[PDB]
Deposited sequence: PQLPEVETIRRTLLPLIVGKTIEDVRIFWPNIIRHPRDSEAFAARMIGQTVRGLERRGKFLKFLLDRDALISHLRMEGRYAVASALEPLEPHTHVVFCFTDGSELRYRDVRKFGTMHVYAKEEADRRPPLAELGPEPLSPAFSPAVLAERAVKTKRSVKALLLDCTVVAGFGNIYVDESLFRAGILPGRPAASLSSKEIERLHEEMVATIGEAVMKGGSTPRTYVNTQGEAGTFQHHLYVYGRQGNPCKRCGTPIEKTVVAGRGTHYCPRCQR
């Protein structure tokens, strides 16, 4: 799920778990647990704590408990569900939080790429994976000025820049490609080659694209098909190790 989807998850999941107390934590793929490194310590510390809140930073979910915070990233295909402990688990369920009311918060992930970190709440923001996270794309903290500053000081492509979580929080591949198309900028352009006008336009489109989503595609996954603006076949290449889609006429 991307940022907009994660925000939806945060909004919808909260009322389903708030006020519930953890009685057990069951882990079927320990590698998901990143801190404490020992999955048994992870499980033990959470028992007895009540869920008090749920926040989002970038694509990370932050579960607020009594003492600790649980920081969770779903990556490509991670999913949470709340269901009865009496029913069989769905396939690919790797972590389950059991509540005293007989309900469960279940984490599924066919790819097993998701991660979980638990720290005392006051530490969470100064530890991985939240430390160094850039500003929210929809916040004043993410401005053309901030974007321009990062762009001038790097030799990387503009796409590589936008994918950098330290530059802006949780801007996914799909939104990078879409934003770059809407701003009329080639993904392979050196970040430092962008004019002040192009930086301004890009920031504008980044906010509009992600902002619309939290509330059709031009290029992403449309390779070989006609551009919706000019009819030129959309092309796909690799930039910054990622599938990269663009229109060679609309983008320069």
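- Counting from residue 1 of the deposited sequence, the single stretch lacking C-alpha coordinates in this chain is 216-236.
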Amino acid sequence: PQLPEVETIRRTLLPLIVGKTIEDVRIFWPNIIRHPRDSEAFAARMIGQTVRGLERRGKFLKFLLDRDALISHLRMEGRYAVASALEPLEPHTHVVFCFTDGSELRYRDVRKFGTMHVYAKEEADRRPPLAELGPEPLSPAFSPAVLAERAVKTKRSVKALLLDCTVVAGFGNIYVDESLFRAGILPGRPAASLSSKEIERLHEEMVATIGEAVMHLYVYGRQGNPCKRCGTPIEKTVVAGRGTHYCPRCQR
From here on, numbers count along this sequence of modelled residues.
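- Per-stretch averaging of Cα B factors for 49-57 and 201-209 places 201-209 on top.
- The question of which stretch, 148-156 or 77-85, has the higher mean Cα B factor is settled in favour of 148-156.
- Of the candidates 26, 62, 216, 34, the one whose C-alpha carries the top B factor in the deposited record is 216.
- Highest CA B-factor among the listed residues (124, 167, 105, 174): 167.
- Ranked against the other modelled residues of its chain, the C-alpha B-factor of residue 142 as given in the entry falls in the highest third.
- In the PDB entry, residue 110 places in the highest third of its chain by CA B-factor.
- When the modelled residues of the chain are ordered by C-alpha B-factor, residue 9 sits in the middle third.
- When all modelled residues of the chain are sorted by CA temperature factor, residue 227 is found within the lowest third.
- Among all modelled residues in its chain, residue 130 ranks in the middle third by Cα B-factor.
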